[PDB]
Amino acid sequence: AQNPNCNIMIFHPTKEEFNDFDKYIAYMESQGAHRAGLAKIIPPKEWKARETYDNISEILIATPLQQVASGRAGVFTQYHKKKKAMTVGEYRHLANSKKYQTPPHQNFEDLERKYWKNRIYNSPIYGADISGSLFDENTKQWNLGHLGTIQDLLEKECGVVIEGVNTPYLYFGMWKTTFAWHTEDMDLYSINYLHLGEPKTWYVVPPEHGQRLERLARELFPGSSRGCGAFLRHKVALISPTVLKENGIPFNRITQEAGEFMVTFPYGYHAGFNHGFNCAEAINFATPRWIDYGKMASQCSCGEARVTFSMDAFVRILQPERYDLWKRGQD
Ligand SMILES: O=C(O)CNC(=O)C(=O)O
Ligand SMILES: [Mg+2]
Ligand code: NI
Ligand SMILES: [Zn+2]
C-alpha cells in the first residue's frame, strides 16, 4: 500500500506531465497521495497563471465577512458578520493596516504559534467565495476555469444527464483569516491555487480517519452536535493542532506559498489560516474514484449549510433516499 503513514506529498510535474490534469491526479493517487487528504503541486518553472497581477484592485468584494470567534484558543467557533462592500484595493490596504497586519515573527512556526495563541482575540475580514477567475484564458495547463465539470464526470461514469454548473471562486485573505474544519460539498475534491501574497497554512486529517475527527468534534461542540448530525458542514468549528494531538487525532500540516497548488481529496477534512494579504482561487472537481464518496457523503438537513444550485442533482442521483429531507433543509 503506497503512503501508509498518510503523509502529505509534494509533487513537481514537468511541463509535459502538466498537460493532462486528470492523468496527473491519477498518477498522484498511484503514489498514495490521497491517503493524506491533501497534496501540494509545484508547477513546472515554465508555467505561469497569468502575466501580472498589476491590475486586480478593481475586483469587488461585495460581502466581506468579519470572522468573529467564540470559545477558547484551541476550540472555538466563528460566525461571519457581513460588512459593506469594498474593492480588492481597499481590502489590501485594510489588511496592511496596523489593526490587521501580520505581526513581526521569526518564521512560519512562530507565526503558527501566534495564530493559535491569539486568533480568538481578533476579528479579521475575509473576502470569500467570490465567483470568478484570475487565470489568463491563454493558460492552457491547470487553468481552474477550464477543468472538466463534475456534471460531465457523473454523466461519463453513470450515464445520467443533469443540470448544474461548476465555476471557480476567489478568496481574498488577511492575517488570521480562517477556514474551519470541513470536507467539500458531497465529499468532492478541491483544488486551490495561491495566486499572490502571503502564505496559507493547512491542517488535514487522512480520509481513512475522518470519523475520528467527527467524534472529537461532537465531544467538543456538544450543543452543535445535538442540533445537526453533520454540523461540520456548517463550516464554523476550529480545533487546534495541540488539541488534536491531546486527543490522538491523526493529522498533518503544510504551508502553501504563492504559485503553488493544493489538492484536497474526497473526505479529507481540512482547516487553516492565512498569514497576511493574499488571493487564492479554488474549485471543486470529481474523478471516477469520487463517486463512491459522493454516495456516502453526510449531509446537513438542519438548514444551516445552505449550498449551491448544483448540489441538488448530486443528492438527487447519488443519494435518492436522503433527497427529500436534504431538500427540506435547502427550503
Ligand atoms: O482557501 C480557503 O479559504 C479555503 N479553501 C478550501 O477549503 C479549499 O480550497 O478547499
Ligand atoms: Mg481590477
Ligand atoms: Ni475546502
Ligand atoms: Zn446542519
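The table for this structure:
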{"read-out": "Residue in the stretch 105-116 that is free of Cβ contacts under 8 Å to residues at least 60 places away in the same chain and touching a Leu at 6+ places or on another chain (Cβ under 6 Å) present", "value": "yes"}
{"read-out": "Some residue of the stretch 205-224 being in contact with a helix residue (DSSP H, G or I) (Cβ under 7 Å, 6 or more places away or on another chain), at positive phi and of a type outside the set (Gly, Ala, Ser)", "value": "no"}
{"read-out": "Pair list, Cβ < 6 Å and 6+ apart or interchain, from the stretch 15-42 residues that are closer than 12 Å to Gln2 by Cβ and in contact (Cβ under 8 Å) with a residue 40 or more places away in the chain to residues that are among the β-branched types (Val, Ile, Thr) and in a loop (DSSP other than H, G, I, E, B)", "value": "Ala36/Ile8"}
{"read-out": "Tally, over the stretch 72-107, of residues that are under 23 Å from the mean Cα position of the chain (by Cα) and within 30 Å of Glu219 (Cβ to Cβ)", "value": "9"}
{"read-out": "Where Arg306 falls short, out of the listed (1) within 16 Å of ligand 4 (Cβ to nearest atom); (2) touching a strand residue (DSSP E or B) at 6+ places or on another chain (Cβ under 8 Å); (3) among the basic types (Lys, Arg)", "value": "(2)"}
{"read-out": "Selection status of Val263, crowded, with 17+ Cβ neighbours inside 10 Å and either without any contact (Cβ under 8 Å) to a residue 60 or more places away in the chain or assigned to a helix (DSSP H, G or I) (or both)", "value": "no"}
{"read-out": "Residue match in the stretch 11-25 (condition: loosely packed, with under 13 Cβ neighbours inside 10 Å, part of a loop (DSSP other than H, G, I, E, B) and touching a helix residue (DSSP H, G or I) at 6+ places or on another chain (Cβ under 9 Å))", "value": "no"}
{"read-out": "Single residue of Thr102, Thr87 found to be away from ligand 1 (no atom under 16 Å from the Cβ) and in contact with a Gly (Cβ under 6 Å, 6 or more places away or on another chain)", "value": "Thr102"}
{"read-out": "Test: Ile239 is in contact (Cβ under 8 Å) with a residue 40 or more places away in the chain, surrounded by fewer than 21 Cβ atoms within 10 Å (Cβ to Cβ) and β-branched (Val, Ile, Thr)", "value": "no"}
{"read-out": "Checking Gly127 against (1) out of contact with any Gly (no Cβ under 6 Å at 6 or more places or on another chain); (2) under 30 Å from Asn247 (Cα atoms); (3) within 11 Å of ligand 1 (Cβ to nearest atom), the condition it does not meet", "value": "(2)"}
{"read-out": "Looking only at the stretch 94-107, and only at residues there that are exposed (fewer than 14 other Cβ atoms within 10 Å of the Cβ) and of a type outside the set (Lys, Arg), the one that is nearest to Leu60 (Cα to Cα)", "value": "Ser97"}
{"read-out": "The stretch 166-177, residues that are polar (S, T, N, Q) and either more than 10 Å from ligand 1 (Cβ to nearest atom) or surrounded by fewer than 20 Cβ atoms within 10 Å (Cβ to Cβ) (or both)", "value": "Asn166, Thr167"}
{"read-out": "Selection from the stretch 172-192 of residues that are touching a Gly at 6+ places or on another chain (Cβ under 8 Å) and more than 16 Å from ligand 2 (Cβ to nearest atom)", "value": "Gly173, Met174, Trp175, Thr178, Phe179, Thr183, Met186, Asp187, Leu188"}
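Cβ atoms come from the backbone with ideal geometry, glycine included; neighbour counts cover every protein chain shown. FYI, it's all coordinate maths here, none of it is from the lab.
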